[PDB]
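Presented below is the structure to which this report refers.
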Ligand SMILES: [Ca+2]
C-alpha cells in the first residue's frame, strides 16, 4: 500500500533516504495489535480514529483529553491519515492532567494498570505501550516501566527534550524499555533531543502533523512525537510476525537505517527507525 503526500515522518520511516513524500506499508497495517497511549487522554470521537480508539482508564475527574498532547500521540500511532499502524486498536489511559502534568505515583499506577488490563483484551498479535512523558530520575518510575515490559508489553518511552544525557531522566533511563530520540526532516538530531548510551533508536520528532482535540490537526515537535512512530512501527511489525513484544526494540535497532543522522554525539547510537517494506 502507498499513501501519497504523507506527513514527512511516515515517509521517512519507509525510505532509505530523506526527502520523499510517500509512505509505503503492508496492508495488514497493525490489525490485531493493541497500543496503549498513556498520556492526557484520547479524543476517541475524532473521525481519524474510525472507531478504533477507546478510553479505558482515567486518574482524574473526566476521561476527556482537555490538552491535545495524548490525541496527537495516538494519531501518530494509529490514525488513518497520520498514523504508522492504520488498523491497530488504541486504548487511552489518562495519567496526565489537562495541563500536561502528573505525579509519579499516578504514572506508576497507570503502568501497572496496563500490565493487568491487557489480560482482558483481545490483542492476538500483541500489545504495545507508548509513554511520551518523563521527568527527573526516579528508580521507582524506572521499576514500573521494567515491570510493564516484563509482563509482555512492548514499552516505548520518550528520551526527553533537554538536549542532555537521558541517564538523568525517567523512565527514559530504564535500560529494558525502548528509549526513543527525535530527528528532523533533514536527518539531523532534533536540537532539543536528549542523547546518550541509553537511547535505543531515533524516530521523526520535529514538525510532526497529527490529530488534535476539537476534531482538528496540528504540527508540534518533541521526543513525545518520535515515541509513537516507534510504538506504531512495533505494532506493525508484530502483526507481520517479524518480532515479539520482548524483542521488538532490538529488532527495530537491527533493521534500522544506520549512520544517516548528523549531530549525534559520540557514544549515542546512529539508528533511524525503518520498516523495510518491499512491494
Ligand atoms: Ca533499552
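Residue numbers (PDB author numbering): 1 to 279.
Don't be surprised by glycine CBs; every beta carbon is placed ideally from N, CA and C.
Counted within 10 angstroms of its Cβ, other Cβ atoms place residue i as buried (16 or more) or exposed
{"i": "residue 2", "result": "exposed"}
{"i": "residue 165", "result": "buried"}
{"i": "residue 103", "result": "exposed"}
{"i": "residue 61", "result": "exposed"}
heavy atom of ligand 1 below 7 Å from residue i C-beta
{"i": "residue 39", "result": "no"}
{"i": "residue 200", "result": "yes"}
{"i": "residue 176", "result": "yes"}
{"i": "residue 81", "result": "no"}
{"i": "residue 268", "result": "no"}
{"i": "residue 223", "result": "no"}
{"i": "residue 249", "result": "yes"}
{"i": "residue 22", "result": "no"}
{"i": "residue 179", "result": "yes"}
First through last residue of the beta strand (DSSP E) which encompasses residue i
{"i": "residue 218", "result": "216–220"}
{"i": "residue 36", "result": "33–39"}
{"i": "residue 203", "result": "201–204"}
{"i": "residue 210", "result": "208–212"}
{"i": "residue 156", "result": "154–158"}
Helix, strand or coil at residue i according to DSSP, with G and I counted as helix
{"i": "residue 123", "result": "coil"}
{"i": "residue 90", "result": "strand"}
{"i": "residue 165", "result": "strand"}
Expected contact under 8 Å - CB spacing of residue i and residue j to nearest Å
{"i": "residue 234", "j": "residue 248", "result": "4 Å"}
{"i": "residue 141", "j": "residue 108", "result": "6 Å"}
{"i": "residue 220", "j": "residue 43", "result": "That pair is no contact at about 15 Å."}
{"i": "residue 70", "j": "residue 92", "result": "6 Å"}
Residue i: first and last residue of the uninterrupted alpha helix (DSSP H) it sits in
{"i": "residue 77", "result": "69–78"}
{"i": "residue 113", "result": "104–117"}
{"i": "residue 232", "result": "223–239"}
{"i": "residue 9", "result": "8–13"}
{"i": "residue 141", "result": "139–150"}
{"i": "residue 53", "result": "Not the alpha helix (DSSP H): residue 53 falls in the beta strand (DSSP E), residues 53–58."}
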